[PDB]
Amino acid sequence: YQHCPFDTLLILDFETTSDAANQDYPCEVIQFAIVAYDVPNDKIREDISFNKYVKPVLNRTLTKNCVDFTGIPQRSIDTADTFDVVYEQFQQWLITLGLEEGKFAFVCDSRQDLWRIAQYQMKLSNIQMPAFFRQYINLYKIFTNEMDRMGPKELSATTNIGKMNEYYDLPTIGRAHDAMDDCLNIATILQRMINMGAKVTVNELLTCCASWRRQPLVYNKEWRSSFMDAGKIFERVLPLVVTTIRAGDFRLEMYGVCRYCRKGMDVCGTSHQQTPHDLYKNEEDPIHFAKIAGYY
């Protein structure tokens, strides 16, 4: 009677440097937050947690509109360690907790945290994308299936967390976009979803290849002022791409194996299989975030 094949789910959330009006921005992690959920005992473990500020190297001074959005003050990032150091602490934390790779999974509220943010930051820091970041549970996508299954209803909230909270009629915990408060909301929503009979398992995988990247991107000249169109650019720039999987077709043994090429994930990923050369040739209108990360 556990649909969820993992013993422990790790609710994950990143906050990043940003500049609202500009999507051609090299987001760097400024907050790394995780809270554990005990699957067999159905318990949110608020005492098993990871919560560190991260110091950027590219944009060391937080945009004012970034501190208003995230609530993070400049002092907390000036005393923080850089990402390579905070990432290694995280690695160390997993170890002390005795988590067997492939028997835990990360839970996020959208594709953004792992497909975009982890990938890009990891490129900046020259760290290989780990297997446990290459499969995950997009809780928003399970949520949308749960709506279809139980009955859609009118939602006024604008964020994924907000909507889920509204639909299950849960009270918002803390403030929006404070990473740890985001984690506790997600954990709570997740717990509610499970008690309502949802099957919570990995639904998104990161993959070297997609056939819709075979067709070149039809370029929007004004992509820098739109989150959606910038997403499309990120999709072509980043080596890995999101492939979905149905709940019944997922297997724990897929861990560490690329869904597309079937190679091990210590091999797959090391070079871009679909480099978007068509976007890298107009030297007059360059993509800043691709340049600064060394994609060209």
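The first residue of the sequence shown is number 1, and the count goes up from there.
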Residue range whose averaged C-alpha B-factor is higher in the record, 39-47 or 52-60: 39-47
Given the B-factors recorded for C-alpha atoms, which segment has the greater mean, 215-223 or 103-111? 215-223
Between 208, 117, 186, 147, which carries the biggest CA temperature factor in the record? 147
Between 267, 29, 241, 33, which one tops the list for Cα B-factor in this entry? 267
Record-listed C-alpha B factor of residue 167: chain third: highest
Within this chain's modelled residues, let me know which third the CA B factor of residue 16 belongs to: lowest, middle or highest. lowest
Is residue 83 in the lowest, middle or highest third of its chain when residues are ranked by C-alpha B-factor? middle
Splitting the chain's C-alpha B-factors into thirds, which one does residue 68 fall into? middle
What third of its chain's C-alpha B-factors does residue 90 belong to: lowest, middle or highest? middle
